[PDB]
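Presented below, as C-alpha cells, is a lone chain in the form solved without the partner chain.
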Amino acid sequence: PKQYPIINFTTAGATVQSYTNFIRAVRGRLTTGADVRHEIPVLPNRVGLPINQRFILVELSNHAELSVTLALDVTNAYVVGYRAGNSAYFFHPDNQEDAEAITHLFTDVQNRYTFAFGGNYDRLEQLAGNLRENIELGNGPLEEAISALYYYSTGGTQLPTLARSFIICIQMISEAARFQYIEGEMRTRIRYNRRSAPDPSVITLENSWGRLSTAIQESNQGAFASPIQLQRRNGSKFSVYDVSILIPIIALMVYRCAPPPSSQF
C-alpha cells in the first residue's frame, strides 16, 4: 500500500508550472497545515501518529517511460525507500519503531530489501563518492536518477550511481517541499534547462532545517535564543536572529515542541 496518497510527476516535458504544481501537491499531503507557528506550517508529530497516516508516495516517470515510486515519511518529508516493479528497497533504519513502520509500505511487492546504508546525506555522499556541492541538480539529473533507480533491481545500477540518484531525488523533492527557497532554485534550473550543483546557500539551509525548526518553535514571539549562522550564495556567513527573514524561505518545519503560548500567530 499504495493505498497511501500518491502524487505523480514526470520529467517528460516538465515545466516550471508542472514542477510547482507537484511540490505544492506534495506539501498538501505532508501536512494539514493545522499546526502553524509564526506563519510557518509544521509537519505532524511522529509521537502518536497512526501508521495509516505516516507515509505518502511520489510516482516519478521520465522520458524513457520508466517509473519508480518513492515513499516519503510525513514526519520529516524525507525519502525512506522506493518501489520499482516487483521490488522495493528501504534505507536502513536507526531504530525499531522506524524499522517496524516501513514494513507497512508496498506490502504486496514480491521482493523487499533493506539497504546496507542509511539515507542521511553523510552516508549517501560517502557511497556516491561526491559531496552535495558537486552533484548537479535539474530536470536532466532527475531523468537520469529515475532510470538509475529503475535499473537497480536487475543489477544494472552500481551503488555509487544509486546513491547519487537518491541525493538528486531527495533535494529536488524533499528539500524543495521543506523550503520555498530550494523549490525556487529548482524552478530556475528547469526554466533555463540548466543542470548545476547547489551553492552554499542551499546546502547550509538543508543542514540547518532541524536547528531552524527548533529555534522558531521554541520562541514565544519568533526571536531566537541564539543566532543561527547561514551562508550566502558566495559562501559568506551571516546570522539569523528571528523568524522574519525565514518566512519566505522555509515552507515546512519538523515538529520539535508543543507551541508556547502565542506562537500560533
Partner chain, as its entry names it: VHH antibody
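Positions refer to the first chain, counted from 1. In this text, the rigid core denotes the largest set of C-alpha atoms whose superposition between the two forms falls within 1.5 Å. Only residues modelled in both forms are compared.
In what follows, reference is made to the form deposited with the partner chain bound, a form of this protein that is not presented.
Colleague: Is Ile56 close to the partner chain in the deposited bound form, meaning a heavy atom pair under 4.5 Å apart or at it?
Modeller: Although the partner chain is absent here, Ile56 would stay clear of it in the deposited bound form, with no heavy atoms inside 4.5 Å.
Colleague: May I ask you to check whether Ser67 falls inside a 4.5 Å heavy atom distance of the partner chain in the deposited bound form?
Modeller: Heavy-atom contact with the partner chain at 4.5 Å: absent for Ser67.
Colleague: I'd like to check something about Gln231: if you look in the deposited bound form, is any of its heavy atoms closer than or equal to 4.5 Å to a heavy atom of the partner chain?
Modeller: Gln231: contacts the partner chain in the deposited bound form.
Colleague: In the deposited bound form, which residues of 229-248 put a heavy atom within 4.5 Å of the partner chain?
Modeller: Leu230, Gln231, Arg232, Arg233, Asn234, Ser236, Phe238, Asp242, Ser244, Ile245, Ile247, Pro248 sit within 4.5 Å of the partner.
Colleague: Give the option from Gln229, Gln53, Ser196, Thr32 whose C-alpha shifts by 2 Å or more between the shown form and the other one; the alignment is on the rigid core.
Modeller: The one that moves 2 Å or more is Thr32.
Colleague: Explain in one word, closer or farther, how the Cα atoms of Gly33 and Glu185 are placed in the deposited bound form relative to this form, where the distance changes by 3 Å or more.
Modeller: Relative to the displayed form, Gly33 and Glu185 move farther apart in the deposited bound form - a change of at least 3 Å between their C-alphas.
Colleague: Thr188 to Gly33, Cα distance in the deposited bound form relative to here: closer or farther, by 3 Å or more?
Modeller: Pair moves farther apart in the deposited bound form.
Colleague: At 2 Å or more of Cα shift, core superposed, where are the runs of at least three residues that differ between the shown form and the other one?
Modeller: Only these runs move by 2 Å or more: 32-34, 234-236.
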